[PDB]
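Reading through the structure tokens given below for one structure.
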Amino acid sequence: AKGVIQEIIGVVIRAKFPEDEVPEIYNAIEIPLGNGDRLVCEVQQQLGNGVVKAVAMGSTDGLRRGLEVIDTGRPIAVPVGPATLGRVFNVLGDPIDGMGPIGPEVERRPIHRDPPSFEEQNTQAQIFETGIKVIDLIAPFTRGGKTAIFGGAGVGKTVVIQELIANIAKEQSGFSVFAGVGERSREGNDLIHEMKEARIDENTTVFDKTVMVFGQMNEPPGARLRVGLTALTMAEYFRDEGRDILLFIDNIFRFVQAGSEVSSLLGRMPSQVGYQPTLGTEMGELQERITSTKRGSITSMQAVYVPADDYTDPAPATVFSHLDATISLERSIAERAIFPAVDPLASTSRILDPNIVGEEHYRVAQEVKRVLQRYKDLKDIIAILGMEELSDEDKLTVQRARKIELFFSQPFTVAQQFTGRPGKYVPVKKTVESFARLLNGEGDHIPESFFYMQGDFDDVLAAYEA
Amino acid sequence: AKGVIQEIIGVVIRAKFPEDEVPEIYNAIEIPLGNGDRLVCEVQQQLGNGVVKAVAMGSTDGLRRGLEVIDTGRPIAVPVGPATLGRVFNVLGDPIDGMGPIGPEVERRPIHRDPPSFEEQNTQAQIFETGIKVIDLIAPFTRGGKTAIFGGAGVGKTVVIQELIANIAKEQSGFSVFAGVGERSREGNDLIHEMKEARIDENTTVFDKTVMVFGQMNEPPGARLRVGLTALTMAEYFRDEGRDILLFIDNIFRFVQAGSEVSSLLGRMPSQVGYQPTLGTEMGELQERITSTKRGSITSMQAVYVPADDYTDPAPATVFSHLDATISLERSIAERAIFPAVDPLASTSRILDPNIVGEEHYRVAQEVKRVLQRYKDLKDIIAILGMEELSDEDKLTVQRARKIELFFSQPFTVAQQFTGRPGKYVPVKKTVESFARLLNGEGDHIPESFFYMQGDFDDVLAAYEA
Amino acid sequence: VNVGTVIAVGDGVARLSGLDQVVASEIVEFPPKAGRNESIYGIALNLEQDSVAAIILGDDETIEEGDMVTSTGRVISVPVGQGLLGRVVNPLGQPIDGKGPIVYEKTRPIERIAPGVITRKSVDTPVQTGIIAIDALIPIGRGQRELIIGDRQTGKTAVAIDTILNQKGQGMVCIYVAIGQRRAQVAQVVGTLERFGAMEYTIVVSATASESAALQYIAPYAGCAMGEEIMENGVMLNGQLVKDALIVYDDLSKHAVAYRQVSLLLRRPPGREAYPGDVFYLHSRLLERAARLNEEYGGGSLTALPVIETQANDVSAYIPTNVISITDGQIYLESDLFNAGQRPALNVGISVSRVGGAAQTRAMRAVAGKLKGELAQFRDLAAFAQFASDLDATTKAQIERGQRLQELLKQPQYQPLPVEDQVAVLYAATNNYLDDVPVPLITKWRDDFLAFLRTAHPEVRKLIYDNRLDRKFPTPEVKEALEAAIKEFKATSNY
Amino acid sequence: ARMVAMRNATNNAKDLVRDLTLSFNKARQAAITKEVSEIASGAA
Ligand SMILES: Nc1ncnc2c1ncn2[C@@H]1O[C@H](COP(=O)(O)OP(=O)(O)OP(=O)(O)O)[C@@H](O)[C@H]1O
Ligand SMILES: [Mg+2]
């Protein structure tokens, strides 16, 4: 099971093996470097006679055309278990944090696994209890579903992720996995590690409940391609253990881009705008592992970056074909001191129908976002009329819309040590009841700044009476 | 002959023949199918030593490499003669209707003939007298010239085709050929069969006076590419007898698309808008045999689909480069009960010049265009301000334009059973004089009615008197 | 024996070396070897010289160079018949619902020629969609190939599922193919069909996204073979030999994408949008098998409902244009209308059905003409809606009539209205009987009126359904009965 | 006067749309040519 390297063209290595010992299609290669460590390549194509074409996963700036290669037999094996919790890993599963290496006693599982069969898929969609009012009211999650974030930096996306991790770790076991796929090393690292180690909940850091796997843009295309599968393997272990898992994939579009680069370097013909021919299948082999079986569920909250603003681009289209809800963080809402910047509009979900959430939930979610359906288009008439000194009902609808916009904010248990305010966890029933009462009119006779930062309508009433 | 299949890639196959008797280009090699049926592939290329690349023109799903291939030594043989009349054929010339085989006693000609030589072309252009008032007046036909029709098929295009066939049958030699290039099996085949068999004229159905070649949608791109050539091969036999033939090609754009698909399958480079590089040559092999010769003339009225309504698009551009008259059926005109819903402003013709159709025809056509253009310009004024505000010497023009657009209605000799109104054949000279006498001032006292579904101006005078 | 050995395995593509006597679309076997107790089948598409490039139906991760293959002499065939009713199957006919083996006696080959020209008959019998907009303005008849074209999440599969649910006793065997859909989405669709009892006349093929591109490529053909068995020989449904069938290809955009991936991996020359040259031929073979057979050949049917996911309403794209040209009708579902609030997002201004009124019951055709005309008039004046105060009386009246009709066309999910209810409500609306009802209360009025007819006046509903085929539908006493029902309801209720 | 100005503006707006549609179509075809060139070049 030892071969020799024939060609080295960039990050694509062609290795020749004995006729009867050819590595499988997705096996590892582990080219041994002179200074002690190894370069783990991944086979992609068996071709010719005993020849395999593999992606580097590394620099390949120090390899000759005769180096031996040690086939491993199994695909990229990654450590999975409670040991791999609260640690940072690369695509190969080697921990890149300062702590020591993972002990051999920890079980290693292949990175490539088949998604759960159709028989095991749940026949009824179930809402995922996040606890955030705006998230659980307008754009509810899905147990074993996918959700996208459309927002830059400074809108609190990291804080939203931290709150989700804390809520899933408190209400349920909620072990979380974070997949840094082609993200900036400054944003993905040392502004996520520190903001999650400093962030705490019940004297336990958020970072201690989260597994991080980081393939950054500096890494070769294979690393950014398989970092997602590494994170899925880690989350799938805990899912098989029966614990609900929240898996975050940062910039899945970078996973698509890594696939495109791998295909271009592998000699495959381009498809559409230079993208890989195996785009849909590559997305399926990853997103289909994010599903809710009977024993456990892996809920996903991904972040999607669209090149320019082109949603017709094949990568966003293929990403969106595997989405159940979208959350659009907005700069204007963030700069208006409302920390959860989830725009009430442009934040849809396929769970928002009477047959899953319930008639009352759909009714209350439709009464809200209807007064906002215009985005308060009345703002223009106020702007050019001085409100006309009288707007009749429009004054009441404007007051109600402003009240709801203020009320969408919710205290963060991870930001409790920053803003000095305890975090409130609001179940979906509390959200629907509170918003039903607010739309009925119990929120009237109460001025603004009393719905600014509170958990429930009952909390708002308690603040008003005090 | 007696070659063997060497390669089967989709509909493109490669057959290996001995070093001699290699089939020429467009030689229609035949593959036995283990029964009476056979698969006919047209050779499109000669490669290397005996290998010829051909387009399957069939299912090519049961074939195996090494299977015997029979060379016919000539392009696709198509039955021609009076036996073809009242029969429906595919591209191969095999009848697809319920009747039996054509038989060996009937002459078969190569599908790939040659356009008439330079000397055989008519020096002068002769008008083609269709008999329809609007067609003969605003967009006159040309004997031996191409004609395009634009419509959504819900505007009575088939009725116009039937009227043209009946008119040529009853007032000329009258044999018509319908080329169903990419014609739907349900919408475009049985429907047209029933309309042509039900439509009758002088105890002879329209179906009995025409031959229809259907290259259906479900057939491979080669069949849809060569169905037009099959139709021309059938029509050229009747043209060689001195008869005048109307060739109807349905959606010539589907012929262009079939050519593009064949070129892509063969591996040729894509021209502008991914069209075949041989767009001009392919459009010239067709639509150049449609000429007016010394012996006879073939005049074609071809439906054209404009891709995304893009006329600059090289497909409609190359179609327009070979056109003489354009007829634009309009949905709005058809919404009102005017069956010949021809848009006078959009429909033009090359032959509508003083040097051919005479000074009077040109003058009356130009005056009709001017008054209808004024009516179109004043539509918005009438809709906004109303009839009262429009001044004098223009209200008369508006009334005349309304009466003249109701005058383009004409009873059809094929629709006398459905509408209970006998068809009227209006000569071009009679049309010109009637419209001149309508423009000069006669019939002004007559209201908008009595012009509807009428023929000559004397007819509307008689109707007004009675 | 004539077998072959794999010489190169790519991204799901083998080469199989010297495997002679292989048919151009056989299903090779890959017999089990050491470490693999099952067999993975593959479709031998490229029959090159000294090479047979076969795409892999199963998983490609296990087939290594040097593996032996045996060419089974059979072209791809699927089980068909009664035994498939209410079972989820692979495009190969292998069950995936985990409820036992498929019971069958006949296998209809995939990829058979279209029924033919003379074999068919004009479409006359209607497919009651159950959605007022479709069932009134875009008729669908048995044998018609109506395209449900939309833009991402707009309601296309919701429309298809509503149509499939509405055939509870319409004597129609529905089929749902689900090409490239997520396993969760197909599971939810099957759960919805089971929940409403529609899983006793439905066959749900499924080649999900994680499945290899070969399965997604052959899924619609397996579905339409299963439907052709119903169309030609029929199955026993509710004790009646039903020969009609309805087939829904949930994404032909994803099917075309899968075929593009297969072609590119097989190194076939690309075309526009990297699609192979014969993608139009692919979709035409698939759709043209949907036909309305005449009485000579059985009188069966097969209604096809292709679904396309366009991007940014780019109708001029390659696959949307191909399928639009192929199909007999289009149902555009616009995201703008979906987000505005009109949940069935039909864009009537551009959605067309070339079959027309021939695919509508005589009652429905008599009632819907005025509705279509009034909706067109309202659309032509959509820019004046915000200027309603300063308008002519007739223009205003047209505007609120259009608003009432548009609100009436709004429908919930999984609520198909039988034909009698649709015709009753649209007769109520076309006649100046809902003018007094405010615009936001039209849907409530319609729901209450159907409840009233269902409970208080079953006789009028039975009367409308009994003579829906009369050429002059309004002539019978049914007219007065319906008028009395409307008047009584409007008297008892207030809005 | 407003009616005349709006009618002129609507006519100018409609003329601009026709000009823009004419320009958009040229950009649509050029986009197709670019793609059909890279894919064909990438094939070889
Ligand atoms: N008729 C309807 N009534 C109520 N809600 C509807 C209706 N149609 C669609 N919806 C809503 O829209 C959501 C998405 O609809 P649907 O699944 O049909 O979309 P789609 O176009 O098939 O999308 P995808 O591309 O994701 O498959 C549904 O979950 C439901 O909330
Ligand atoms: Mg869908």
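Residues are named by chain letter and number: chains run A, B, ... in the order of the structure tokens, numbers start at 1 in each chain, and ligands are numbered from 1 in the order shown.
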Practice task
Could you tell me, counting only C-alpha atoms and all ligand atoms, which protein and nucleic acid residues lie no more than 12 Å from ligand 2, written as a ChimeraX atom specification?
Solution key: /A:320-324,350 /C:148-161,176-182,184-186,188-189,248-254,306-310,333
Give the residues of chain B that lie within 8 Å of chain C; count only C-alpha atoms, and format the answer as a PDB file with N, CA, C and O atoms, in the first residue's frame.
```pdb
ATOM      1  N   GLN B   6     -19.328   1.487 -34.355  1.00  0.00           N
ATOM      2  CA  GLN B   6     -18.114   1.577 -33.562  1.00  0.00           C
ATOM      3  C   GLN B   6     -18.306   2.310 -32.248  1.00  0.00           C
ATOM      4  O   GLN B   6     -17.640   1.976 -31.270  1.00  0.00           O
ATOM      5  N   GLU B   7     -19.204   3.289 -32.199  1.00  0.00           N
ATOM      6  CA  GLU B   7     -19.377   4.097 -31.004  1.00  0.00           C
ATOM      7  C   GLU B   7     -20.784   4.670 -30.992  1.00  0.00           C
ATOM      8  O   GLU B   7     -21.278   5.126 -32.022  1.00  0.00           O
ATOM      9  N   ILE B   8     -21.419   4.639 -29.823  1.00  0.00           N
ATOM     10  CA  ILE B   8     -22.763   5.174 -29.627  1.00  0.00           C
ATOM     11  C   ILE B   8     -22.686   6.147 -28.459  1.00  0.00           C
ATOM     12  O   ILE B   8     -22.564   5.729 -27.304  1.00  0.00           O
ATOM     13  N   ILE B   9     -22.763   7.440 -28.747  1.00  0.00           N
ATOM     14  CA  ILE B   9     -22.747   8.479 -27.727  1.00  0.00           C
ATOM     15  C   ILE B   9     -24.012   9.301 -27.922  1.00  0.00           C
ATOM     16  O   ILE B   9     -24.080  10.145 -28.822  1.00  0.00           O
ATOM     17  N   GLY B  10     -25.012   9.069 -27.080  1.00  0.00           N
ATOM     18  CA  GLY B  10     -26.280   9.756 -27.258  1.00  0.00           C
ATOM     19  C   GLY B  10     -26.864   9.436 -28.617  1.00  0.00           C
ATOM     20  O   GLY B  10     -26.959   8.274 -29.020  1.00  0.00           O
ATOM     21  N   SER B  59     -34.356   6.351 -31.590  1.00  0.00           N
ATOM     22  CA  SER B  59     -34.265   6.064 -30.163  1.00  0.00           C
ATOM     23  C   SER B  59     -32.827   5.818 -29.727  1.00  0.00           C
ATOM     24  O   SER B  59     -32.415   6.277 -28.657  1.00  0.00           O
ATOM     25  N   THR B  60     -32.064   5.069 -30.529  1.00  0.00           N
ATOM     26  CA  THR B  60     -30.680   4.665 -30.269  1.00  0.00           C
ATOM     27  C   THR B  60     -30.443   4.243 -28.822  1.00  0.00           C
ATOM     28  O   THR B  60     -29.345   4.425 -28.287  1.00  0.00           O
ATOM     29  N   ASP B  61     -31.452   3.643 -28.193  1.00  0.00           N
ATOM     30  CA  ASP B  61     -31.322   3.140 -26.835  1.00  0.00           C
ATOM     31  C   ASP B  61     -31.145   1.632 -26.772  1.00  0.00           C
ATOM     32  O   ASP B  61     -30.660   1.125 -25.757  1.00  0.00           O
ATOM     33  N   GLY B  62     -31.528   0.911 -27.817  1.00  0.00           N
ATOM     34  CA  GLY B  62     -31.355  -0.521 -27.866  1.00  0.00           C
ATOM     35  C   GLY B  62     -30.156  -0.988 -28.652  1.00  0.00           C
ATOM     36  O   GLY B  62     -29.917  -2.197 -28.735  1.00  0.00           O
ATOM     37  N   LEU B  63     -29.382  -0.073 -29.217  1.00  0.00           N
ATOM     38  CA  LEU B  63     -28.269  -0.425 -30.078  1.00  0.00           C
ATOM     39  C   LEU B  63     -27.079  -0.900 -29.260  1.00  0.00           C
ATOM     40  O   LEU B  63     -26.944  -0.594 -28.075  1.00  0.00           O
ATOM     41  N   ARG B  64     -26.209  -1.660 -29.914  1.00  0.00           N
ATOM     42  CA  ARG B  64     -24.966  -2.108 -29.312  1.00  0.00           C
ATOM     43  C   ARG B  64     -23.846  -1.935 -30.322  1.00  0.00           C
ATOM     44  O   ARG B  64     -24.053  -2.062 -31.529  1.00  0.00           O
ATOM     45  N   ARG B  65     -22.657  -1.636 -29.818  1.00  0.00           N
ATOM     46  CA  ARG B  65     -21.508  -1.476 -30.693  1.00  0.00           C
ATOM     47  C   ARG B  65     -21.126  -2.817 -31.306  1.00  0.00           C
ATOM     48  O   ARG B  65     -21.152  -3.854 -30.641  1.00  0.00           O
ATOM     49  N   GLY B  66     -20.785  -2.793 -32.591  1.00  0.00           N
ATOM     50  CA  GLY B  66     -20.569  -3.998 -33.363  1.00  0.00           C
ATOM     51  C   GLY B  66     -21.760  -4.430 -34.193  1.00  0.00           C
ATOM     52  O   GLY B  66     -21.636  -5.373 -34.981  1.00  0.00           O
ATOM     53  N   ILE B  96     -46.885   8.131 -40.910  1.00  0.00           N
ATOM     54  CA  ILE B  96     -47.232   7.958 -39.505  1.00  0.00           C
ATOM     55  C   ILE B  96     -48.732   7.943 -39.275  1.00  0.00           C
ATOM     56  O   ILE B  96     -49.171   7.817 -38.125  1.00  0.00           O
ATOM     57  N   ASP B  97     -49.532   8.076 -40.328  1.00  0.00           N
ATOM     58  CA  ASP B  97     -50.975   8.005 -40.189  1.00  0.00           C
ATOM     59  C   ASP B  97     -51.434   6.548 -40.231  1.00  0.00           C
ATOM     60  O   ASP B  97     -50.633   5.617 -40.359  1.00  0.00           O
ATOM     61  N   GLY B  98     -52.746   6.345 -40.116  1.00  0.00           N
ATOM     62  CA  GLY B  98     -53.280   4.998 -40.035  1.00  0.00           C
ATOM     63  C   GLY B  98     -53.171   4.204 -41.319  1.00  0.00           C
ATOM     64  O   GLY B  98     -53.180   2.970 -41.272  1.00  0.00           O
ATOM     65  N   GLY B 154     -53.266  31.205 -30.729  1.00  0.00           N
ATOM     66  CA  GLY B 154     -54.636  31.351 -30.283  1.00  0.00           C
ATOM     67  C   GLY B 154     -55.345  32.463 -31.024  1.00  0.00           C
ATOM     68  O   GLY B 154     -56.416  32.917 -30.610  1.00  0.00           O
ATOM     69  N   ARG B 184     -45.914  19.660 -31.815  1.00  0.00           N
ATOM     70  CA  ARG B 184     -46.355  18.844 -30.692  1.00  0.00           C
ATOM     71  C   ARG B 184     -47.256  17.712 -31.168  1.00  0.00           C
ATOM     72  O   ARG B 184     -48.055  17.878 -32.093  1.00  0.00           O
ATOM     73  N   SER B 185     -47.117  16.549 -30.529  1.00  0.00           N
ATOM     74  CA  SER B 185     -47.888  15.382 -30.944  1.00  0.00           C
ATOM     75  C   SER B 185     -49.377  15.566 -30.690  1.00  0.00           C
ATOM     76  O   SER B 185     -50.200  15.060 -31.459  1.00  0.00           O
ATOM     77  N   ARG B 186     -49.745  16.268 -29.621  1.00  0.00           N
ATOM     78  CA  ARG B 186     -51.153  16.456 -29.291  1.00  0.00           C
ATOM     79  C   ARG B 186     -51.692  17.772 -29.842  1.00  0.00           C
ATOM     80  O   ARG B 186     -52.621  17.779 -30.655  1.00  0.00           O
ATOM     81  N   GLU B 187     -51.113  18.889 -29.405  1.00  0.00           N
ATOM     82  CA  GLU B 187     -51.645  20.197 -29.770  1.00  0.00           C
ATOM     83  C   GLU B 187     -51.532  20.448 -31.266  1.00  0.00           C
ATOM     84  O   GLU B 187     -52.452  20.997 -31.881  1.00  0.00           O
ATOM     85  N   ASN B 189     -50.740  18.129 -33.874  1.00  0.00           N
ATOM     86  CA  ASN B 189     -50.902  17.054 -34.845  1.00  0.00           C
ATOM     87  C   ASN B 189     -52.342  16.575 -34.950  1.00  0.00           C
ATOM     88  O   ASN B 189     -52.936  16.680 -36.026  1.00  0.00           O
ATOM     89  N   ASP B 190     -52.945  16.085 -33.865  1.00  0.00           N
ATOM     90  CA  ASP B 190     -54.330  15.639 -33.958  1.00  0.00           C
ATOM     91  C   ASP B 190     -55.281  16.809 -34.141  1.00  0.00           C
ATOM     92  O   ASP B 190     -56.270  16.701 -34.873  1.00  0.00           O
ATOM     93  N   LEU B 191     -55.005  17.933 -33.482  1.00  0.00           N
ATOM     94  CA  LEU B 191     -55.855  19.101 -33.662  1.00  0.00           C
ATOM     95  C   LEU B 191     -55.851  19.547 -35.116  1.00  0.00           C
ATOM     96  O   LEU B 191     -56.910  19.778 -35.708  1.00  0.00           O
ATOM     97  N   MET B 217     -41.785  16.830 -31.656  1.00  0.00           N
ATOM     98  CA  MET B 217     -40.853  17.270 -30.627  1.00  0.00           C
ATOM     99  C   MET B 217     -40.046  16.101 -30.080  1.00  0.00           C
ATOM    100  O   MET B 217     -38.838  16.223 -29.851  1.00  0.00           O
ATOM    101  N   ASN B 218     -40.695  14.956 -29.862  1.00  0.00           N
ATOM    102  CA  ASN B 218     -40.040  13.837 -29.196  1.00  0.00           C
ATOM    103  C   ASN B 218     -38.972  13.174 -30.052  1.00  0.00           C
ATOM    104  O   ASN B 218     -38.242  12.320 -29.542  1.00  0.00           O
ATOM    105  N   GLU B 219     -38.871  13.524 -31.322  1.00  0.00           N
ATOM    106  CA  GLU B 219     -37.839  12.950 -32.166  1.00  0.00           C
ATOM    107  C   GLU B 219     -36.495  13.633 -31.918  1.00  0.00           C
ATOM    108  O   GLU B 219     -36.448  14.783 -31.475  1.00  0.00           O
ATOM    109  N   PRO B 220     -35.391  12.944 -32.192  1.00  0.00           N
ATOM    110  CA  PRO B 220     -34.063  13.512 -31.937  1.00  0.00           C
ATOM    111  C   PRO B 220     -33.819  14.754 -32.774  1.00  0.00           C
ATOM    112  O   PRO B 220     -34.567  15.027 -33.724  1.00  0.00           O
ATOM    113  N   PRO B 221     -32.786  15.537 -32.447  1.00  0.00           N
ATOM    114  CA  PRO B 221     -32.562  16.795 -33.178  1.00  0.00           C
ATOM    115  C   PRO B 221     -32.358  16.620 -34.671  1.00  0.00           C
ATOM    116  O   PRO B 221     -32.683  17.537 -35.434  1.00  0.00           O
ATOM    117  N   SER B 260     -28.875  23.928 -34.082  1.00  0.00           N
ATOM    118  CA  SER B 260     -27.945  24.262 -33.008  1.00  0.00           C
ATOM    119  C   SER B 260     -27.654  23.055 -32.128  1.00  0.00           C
ATOM    120  O   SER B 260     -26.503  22.817 -31.744  1.00  0.00           O
ATOM    121  N   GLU B 261     -28.689  22.288 -31.789  1.00  0.00           N
ATOM    122  CA  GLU B 261     -28.492  21.103 -30.963  1.00  0.00           C
ATOM    123  C   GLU B 261     -27.647  20.064 -31.685  1.00  0.00           C
ATOM    124  O   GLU B 261     -26.781  19.426 -31.075  1.00  0.00           O
ATOM    125  N   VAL B 262     -27.879  19.880 -32.985  1.00  0.00           N
ATOM    126  CA  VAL B 262     -27.070  18.935 -33.750  1.00  0.00           C
ATOM    127  C   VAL B 262     -25.615  19.378 -33.772  1.00  0.00           C
ATOM    128  O   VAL B 262     -24.700  18.563 -33.601  1.00  0.00           O
ATOM    129  N   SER B 263     -25.374  20.674 -33.977  1.00  0.00           N
ATOM    130  CA  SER B 263     -24.001  21.170 -33.991  1.00  0.00           C
ATOM    131  C   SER B 263     -23.329  20.982 -32.639  1.00  0.00           C
ATOM    132  O   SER B 263     -22.153  20.607 -32.571  1.00  0.00           O
ATOM    133  N   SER B 264     -24.053  21.242 -31.549  1.00  0.00           N
ATOM    134  CA  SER B 264     -23.483  21.028 -30.223  1.00  0.00           C
ATOM    135  C   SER B 264     -23.168  19.558 -29.992  1.00  0.00           C
ATOM    136  O   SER B 264     -22.131  19.223 -29.409  1.00  0.00           O
ATOM    137  N   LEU B 265     -24.053  18.665 -30.438  1.00  0.00           N
ATOM    138  CA  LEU B 265     -23.809  17.236 -30.275  1.00  0.00           C
ATOM    139  C   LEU B 265     -22.591  16.790 -31.070  1.00  0.00           C
ATOM    140  O   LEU B 265     -21.805  15.960 -30.602  1.00  0.00           O
ATOM    141  N   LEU B 266     -22.420  17.326 -32.279  1.00  0.00           N
ATOM    142  CA  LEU B 266     -21.285  16.941 -33.106  1.00  0.00           C
ATOM    143  C   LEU B 266     -19.963  17.448 -32.551  1.00  0.00           C
ATOM    144  O   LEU B 266     -18.907  16.944 -32.945  1.00  0.00           O
ATOM    145  N   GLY B 267     -19.991  18.423 -31.650  1.00  0.00           N
ATOM    146  CA  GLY B 267     -18.785  18.958 -31.063  1.00  0.00           C
ATOM    147  C   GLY B 267     -18.257  20.228 -31.688  1.00  0.00           C
ATOM    148  O   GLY B 267     -17.142  20.641 -31.353  1.00  0.00           O
ATOM    149  N   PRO B 270     -19.468  26.889 -30.616  1.00  0.00           N
ATOM    150  CA  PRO B 270     -20.737  27.620 -30.619  1.00  0.00           C
ATOM    151  C   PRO B 270     -20.583  29.034 -31.192  1.00  0.00           C
ATOM    152  O   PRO B 270     -19.688  29.743 -30.767  1.00  0.00           O
ATOM    153  N   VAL B 273     -24.393  33.669 -29.338  1.00  0.00           N
ATOM    154  CA  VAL B 273     -25.625  33.124 -28.689  1.00  0.00           C
ATOM    155  C   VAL B 273     -25.631  31.598 -28.847  1.00  0.00           C
ATOM    156  O   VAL B 273     -26.692  31.046 -29.199  1.00  0.00           O
ATOM    157  N   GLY B 274     -24.487  30.950 -28.610  1.00  0.00           N
ATOM    158  CA  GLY B 274     -24.406  29.476 -28.678  1.00  0.00           C
ATOM    159  C   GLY B 274     -25.164  28.887 -29.855  1.00  0.00           C
ATOM    160  O   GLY B 274     -25.711  27.777 -29.698  1.00  0.00           O
ATOM    161  N   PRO B 307     -36.915  34.383 -30.146  1.00  0.00           N
ATOM    162  CA  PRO B 307     -36.429  34.013 -28.815  1.00  0.00           C
ATOM    163  C   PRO B 307     -36.466  35.222 -27.872  1.00  0.00           C
ATOM    164  O   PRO B 307     -35.826  36.211 -28.174  1.00  0.00           O
ATOM    165  N   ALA B 308     -37.215  35.114 -26.769  1.00  0.00           N
ATOM    166  CA  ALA B 308     -37.317  36.227 -25.795  1.00  0.00           C
ATOM    167  C   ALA B 308     -37.718  37.511 -26.528  1.00  0.00           C
ATOM    168  O   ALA B 308     -37.310  38.599 -26.077  1.00  0.00           O
TER     169      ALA B 308
END
```
Exercise for the section: Write out as a PyMOL selection string all residues of range 242-399 of chain C that DSSP puts in alpha helix (DSSP H) for this structure's backbone. Expected result: chain C and resi 252-265+279-288+318-326+335-340+362-380+393-399
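Comparing A:143, A:268, A:400, A:109 by their smallest distance to chain D, the closest is A:268 (using only C-alpha atoms).
Between CA of residue 248 in chain B and CA of residue 300 in chain B there is a distance of 5.7 Å.
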Practice task
Tell me which protein, DNA and RNA residues are within 8 Å of range 331-341 of chain A, counting only C-alpha atoms, leaving out same-chain ones fewer than 6 positions away, and put them as a PyMOL selection string.
Solution key: chain A and resi 151+154-156+160+406+408-410+452
If you keep C-alpha atoms, can you produce a file of those selected residues as an mmCIF file, in the first residue's frame?
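Here's the written file again.cif:
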```
data_model
loop_
_atom_site.group_PDB
_atom_site.id
_atom_site.type_symbol
_atom_site.label_atom_id
_atom_site.label_comp_id
_atom_site.auth_asym_id
_atom_site.auth_seq_id
_atom_site.Cartn_x
_atom_site.Cartn_y
_atom_site.Cartn_z
ATOM 1 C CA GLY A 151 -25.862 40.395 7.199
ATOM 2 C CA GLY A 154 -21.450 44.890 13.285
ATOM 3 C CA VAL A 155 -25.055 43.646 13.143
ATOM 4 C CA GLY A 156 -24.573 41.097 15.923
ATOM 5 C CA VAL A 160 -27.060 35.696 17.657
ATOM 6 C CA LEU A 406 -39.189 47.874 19.706
ATOM 7 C CA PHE A 408 -38.797 42.395 18.834
ATOM 8 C CA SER A 409 -35.647 43.026 20.876
ATOM 9 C CA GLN A 410 -34.768 40.465 23.545
ATOM 10 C CA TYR A 452 -37.588 48.341 24.116
#
```
Please identify all residues of chain D having at least one atom at most 6 Å from any atom of chain B, considering only C-alpha atoms, and return them as a PDB file with N, CA and C atoms, in the first residue's frame.
```
ATOM      1  N   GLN D  29     -27.204  39.001 -25.173  1.00  0.00           N
ATOM      2  CA  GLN D  29     -26.519  38.160 -26.147  1.00  0.00           C
ATOM      3  C   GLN D  29     -25.024  38.097 -25.872  1.00  0.00           C
ATOM      4  N   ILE D  32     -24.213  35.621 -23.242  1.00  0.00           N
ATOM      5  CA  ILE D  32     -24.295  34.215 -23.738  1.00  0.00           C
ATOM      6  C   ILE D  32     -23.013  33.900 -24.513  1.00  0.00           C
ATOM      7  N   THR D  33     -22.607  34.799 -25.413  1.00  0.00           N
ATOM      8  CA  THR D  33     -21.389  34.572 -26.235  1.00  0.00           C
ATOM      9  C   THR D  33     -20.192  34.350 -25.307  1.00  0.00           C
ATOM     10  N   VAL D  36     -20.479  30.864 -23.745  1.00  0.00           N
ATOM     11  CA  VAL D  36     -20.304  29.784 -24.764  1.00  0.00           C
ATOM     12  C   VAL D  36     -18.851  29.789 -25.252  1.00  0.00           C
TER      13      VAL D  36
END
```
Exercise for the section: For chain D, report every residue with an atom at most 12 Å from chain C (counting only C-alpha atoms), formatted as a PyMOL selection string. Expected result: chain D and resi 25+28-29+31-44
